[PDB]
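Bear in mind that the values in this text are calculations on the coordinates, not laboratory data. All Cβ positions, even for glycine, are placed from backbone atoms using ideal geometry, and neighbour counts span all protein chains on display.
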């Protein structure tokens, strides 16, 4: 048997449709970008909860994630990342 | 349509020429029975098989 | 064992004409039988006397 | 289109009848019987002379 | 001359074929479309490997069937599919949902009234039938074997030209027709339709099979049957035919093992157990009961309606369910002939009668064999205690 | 004229066919 | 094989019974063939001689695997053998018309009693 495997490939392809509607993706490229988000997710979350443990505070929260991303990303990308995280969570909380 | 007419004619003629042979065979069998082995040259042996 | 009335009528007519046809041949065979039987009897009587 | 099918059905129907088989079998029997009568007469005459083959 | 070839494209309504396509799973769609592009290609630009990876990436993302169907009907082959694909979809539909289709039996006979065991090499048959049919109508014929039965199946469809239209030059389709051939048996199975096109077809098969001696088809039953499995079981070359109903165990043939089989496990030493019958009629007269005798009463009903204590195929579903039967008893009383005609209807007549026997509305010992299910699928008249199929 | 194929004409053909069957049966009778 | 041998002997014994007193007859060739004889009166003491065969063959080579039997006859008048093709066809036809039993009794009627039979 073979269990259903987690993937973000549909979302990756959709955002590529938004960017370049005429462009497709190779299978190897799609596996590569599917691995991108999981690798980033891990190296953000571990650092964020380690920072939370340094705070000796129970909850991993938005401030912890913001700090973790701005720690680990190179600064030029970090500015964009924190701005987009903040505006996204604000748009959500405005619901 | 005229091609179909031709096909119909072909089938009809072969049907007729096949039909006539049944009457031919019937009459031939009746005549041969009534003459060839009913005249008095019959070998009395075959009287039992014949009756 | 027909079921429909039309089939019953058709089969009845066919059966009637078949019986009529059979009767004539049944009549005809007897004359040939008489010929063969008297021929055999005459042959056997000739055998006995000669 | 109707007529062609009708005539083809008649063609198939004719050759599968019982009478068509019975007549041929009867003719074969007639031929066998007449040959047998010929042979029996010939051989009994041969046994009794006056044979005129 | 008029024989068609696989690359021609017919005309029809797109929505109907879309609804037909929606029945199929995703995987068979993938396989069919890969094969179609491999043989015919398509309007899409790219190698089959490019097509392979596009179809793949479509399926691992969990796309719905509608996307694939729309692609097939609107980009890959937008103008319409070939006749070959139209036949293939119906083939797959029949294989997937056999019970949706109906059949009738037909018996092949030769001059002397004997059964004609038809033995068929597909190539000669298909070429002769195509040549015979093409002289009258435009015909496409597709032939295949059932995945799980020893039967060859043929699909015949006829076309004609054109309500009004200009120089588009398509050929309009028509409802299809089907025929099947068991390997070694005198019987033929075909769809249930009496339009002149079906008559032309069946006549053409009768003409073309012969090749050495005349052949004619004689129907043996007037009510259709579903589910090609069932009609194969009833009339195909098999052990169950003429051993139906209470006589099924001989068709099974597992009760007896070969003589050199071991001694001590030969069933004769070990034996079995059974119930004693009662003959003075107490049924109509009339919980005050115990398990064991009731168990063997139910077993008695089982065997009377199924032929085996274990009940060789719920406890009521029969081997081949029968939907309709019509009987006609003819008995002589005081030199007077009396007719009783019973008519039953349902999904399984004899299973229902078995249920009524279990509820004790019918006396088992007075159920005749023809009512129990033997002579299965045959309506007929019973005279002198002998069943006779209706003409 | 009037175009129709329903009751009042479809039964006429059936009646006529059964009548012809009766006639052909009667033709063979002695009287 | 056993039953067919029994039937073979039965056919011979019935023929012997039907012919014994009117024409003495001799079974020979280890019960495989028999001989019958009558003296034709057309010529002065003209003899006529007939013998018949019923051979049973065990299987082993060339169609089935069972024991099977064969019939053939031979005829002489005055020591002169009659051509065997027509005699075999006579045997064939009369046996098919009347079986082996009555057919062979009738073969003997034909061959050993023509002088009575001319008409």
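Shape index of chain A: Rg/Rh, with Rg the Cα radius of gyration and Rh the Kirkwood radius from the inverse mean 1/r over Cα pairs, equals 1.05. When restricted to Cα atoms, chain E yields an Rg and a Dmax of 27.3, 88 Å, respectively. Counting, for every residue in B:32-42, the Cβ atoms of other protein chains within 10 Å of its Cβ and taking the mean gives 4. Could you give me D for the range E:195-255, from Stokes-Einstein at 20 °C and 1.002 mPa s, where the hydrodynamic radius is the Kirkwood radius over C-alpha pairs? Units µm² s⁻¹, please. So the translational diffusion coefficient is about 148 µm²/s. Here each label is just a point 7 Å from Cα along the line to Cβ, and for residue C:50 and residue G:42 those points are 1.2 nm apart. The mean number of Cβ atoms from other chains found within 10 Å of a Cβ in peptide G:110-117 is 5, as a whole number. Between residue C:12 and residue E:314, the distance separating the two model label sites (each 7 Å from Cα on the Cα→Cβ line) works out to 4.5 nm. If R0 equals 41 Å, the separation of the Cβ atoms of residue G:4 and residue G:84 corresponds to a calculated FRET efficiency of about 0.95.
Axis angle, to the nearest 10 degrees, between helix A:9-19 and the longest C-alpha principal axis of chain A: 80 degrees.
Per-residue ellipticity at 222 nm, computed for chain C from helices alone with -39500 (n - 2.57) per DSSP H run of at least four residues, works out to -33500 deg cm²/dmol. Taken over the range E:231-313, the alpha-carbon convex hull comes to 169 cubic angstrom per residue. Compute the long axis of helix B:2-36 from its Cα atoms, compare it with the longest principal axis of the Cα atoms of chain B, and write down the angle in degrees, 0 to 90, nearest 10. The angle comes out near 10 degrees.
Shielding of peptide C:3-11 by partners, expressed as the average count of other chain Cβ atoms within 10 Å per residue Cβ, is 4.
A simple spin-label model places pseudo-atoms 7 Å from Cα toward Cβ; at residue B:38 and residue F:3 they are separated by 6.5 nm. Here the sum of -39500 (n - 2.57) over DSSP H runs of 4 or more residues, divided by the residues of chain G, equals -14000 deg cm²/dmol at 222 nm, to the nearest 500. Derived from the Cα gyration tensor, the three semi-axes of the equivalent ellipsoid of the range G:14-119 are 27, 15, 13 Å, largest first. Using bins of 10 Å that start at zero, the share of Cα-Cα pairs per bin across the protein assembly as shown amounts to 2, 8, 11, 13, 14, 14, 13, 10, 6, 4, 2, 2, 1, 1, 0, 0, in whole %.
The calculated FRET efficiency for residue C:42 paired with residue G:70, based on their beta-carbon distance and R0 = 51 Å, is about 0.85.
For chain B, pairs of C-alpha atoms spaced more than 19 angstrom apart make up 56 percent of the total. Mean separation of Cα pairs under 8 Å and 6 or more residues apart, divided by the residue count, gives chain A a relative contact order of 17 percent. Given their separation in residues at 0.36 nm each and the Cα-Cα distance between them, residue G:32 and residue G:62 gain 8.5 nm when the chain is fully extended. Taking the C-alpha atoms only, the angle from helix C:5-49 to the longest principal axis of chain C is near 0 degrees. A quarter of the convex hull surface defined by the alpha-carbon atoms of the range E:127-220 gives 8.1 nm² as the mean projection.
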